[PDB]
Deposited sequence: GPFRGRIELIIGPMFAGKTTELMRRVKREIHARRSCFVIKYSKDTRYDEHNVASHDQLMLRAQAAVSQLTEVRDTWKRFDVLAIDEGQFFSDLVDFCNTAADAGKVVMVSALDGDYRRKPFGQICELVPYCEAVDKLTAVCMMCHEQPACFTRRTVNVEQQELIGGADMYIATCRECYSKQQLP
């Protein structure tokens, strides 16, 4: 029946690719899938900034796939409500922000998950080690800052701490 599965890791770890692998796998067995994306960064897709913007539309689907779950403030209630109604809920997210603080409600969701898979990146500094962290490479304080390789890199533990 219902469950919540979490796919976490740093940036550049292919978390969305693993989410969509799980989605495609379900589509092959003719189960219907609703993919929800973050608007500011047998298949339907929606882009929103709050999960309430989707209303009741999720009820018609067997599987819900939430991408970049760190940005949704109502994630926990939304996922449990769906999983309680028998949906397979899958979330892709960063567990940590650039300071390794809990990003959004991701760490809060952990106790509700039937499964949690932490994916690694490859360290983009030493090229020699798995990366579990994200370092911000530009001097901006704010937690939410949208960007890719131009402003963030994945790092191992030794390279995260190099300099500051």
- Query: Do you know which deposited regions have no coordinates at all?
  - Reply: 1-3, 45-59, 183-184
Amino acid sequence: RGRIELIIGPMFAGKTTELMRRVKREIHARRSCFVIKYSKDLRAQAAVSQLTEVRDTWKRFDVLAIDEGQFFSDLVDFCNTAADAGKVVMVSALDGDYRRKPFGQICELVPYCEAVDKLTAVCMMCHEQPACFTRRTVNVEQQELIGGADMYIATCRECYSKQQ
From here on, numbers count along this sequence of modelled residues.
- Of 113-121 and 66-74, the stretch with the higher mean C-alpha B-factor in the deposited entry is 66-74
- Task: Using the B-factors recorded in the PDB entry, average over the C-alpha atoms of 99-107 and of 50-58, then report which stretch comes out higher.
- Result: 50-58
- Task: Using the temperature factors in the entry, find which of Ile27, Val35, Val138, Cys132 has the highest value at its Cα atom.
- Result: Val138
- Third of chain Cα B-factors occupied by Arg3: lowest
- Looking at the entry's B-factor column for C-alpha atoms only, identify whether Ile153 ranks in the lowest, middle or highest third of its chain. middle
